[PDB]
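When we follow the authors' numbering, the leftmost residue of the sequence shown carries the number 1, and every step to the right adds one. We put the CB at the ideal spot given by N, CA and C, even for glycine.
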Amino acid sequence: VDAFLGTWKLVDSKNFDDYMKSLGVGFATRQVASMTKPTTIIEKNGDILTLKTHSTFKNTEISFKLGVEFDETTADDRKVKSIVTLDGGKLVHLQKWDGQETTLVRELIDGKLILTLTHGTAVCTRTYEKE
Ligand SMILES: CCCCCCCCCCCCCCCCCC(=O)O
């Protein structure tokens, strides 16, 4: 887990609109989100990880242990059952609600953090650089 820790800033985004549309996010929220560049902070205290996502529009914070389910309320106000695991060196976050699922996968490639978001047929790639 240790290579993920730190402060990251968004530098590139592809197909986030498609992703948000698939989740049912309304057009006005999609407008603002398309212009927002969040900062993600990942910290550890023992076995507990904390993931903070900060922006001018909305802020979220979750704390969790790897491999243990937790309740999460997402930025778009879904109430989901989540689990985060390490798989092939990737941090894989699975959210389940109402029989649906979405995955948020983070991988480090060339020192950058690549976040891939999948729901239905929509696939979004967001690139973060370390601050
Ligand atoms: C918390 C602020 C991050 C982006 C805010 C705008 C988006 C809110 C509506 C869509 C939310 C979809 C789930 C969260 C996607 C996370 C993206 C990211 O960490 O880069």
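Proximity winner among the options, relative to residue i (alpha-carbon distances)
i: residue 131; options: 41, 69, 102 and 73; result: 41
i: residue 36; options: 107, 50, 22 and 54; result: 54
i: residue 30; options: 39, 15, 43 and 70; result: 15
i: residue 57; options: 64, 120 and 38; result: 38
i: residue 3; options: 106, 48, 69 and 97; result: 106
i: residue 132; options: 121, 120, 115 and 32; result: Residue coverage of the chain in this structure runs from 1 to 131, which leaves residue 132 outside it and unanswerable.
Residue i CB to nearest heavy atom of ligand 1 below 8 angstroms
i: residue 105; result: no
i: residue 84; result: no
i: residue 14; result: no
i: residue 49; result: no
For residue i, the first and last residue of its enclosing alpha helix (DSSP H)
i: residue 78; result: Segment: none, residue 78 is in no alpha helix (DSSP H) and carries neither H nor E.
i: residue 33; result: 27-34
Residue span of the beta strand (DSSP E) that contains residue i, given as start and end
i: residue 64; result: 60-65
i: residue 13; result: 6-14
i: residue 129; result: 122-130
i: residue 135; result: Beyond the ends of the chain as shown, which are 1 and 131, falls residue 135; an answer cannot be given.
So does the stretch 70-82 actually touch the stretch 106-114, counting three or more Cβ pairs closer than 8 angstroms? The stretch 70-82 makes no contact with the stretch 106-114: fewer than 3 CB pairs, one atom from each, lie closer than 8 angstroms.
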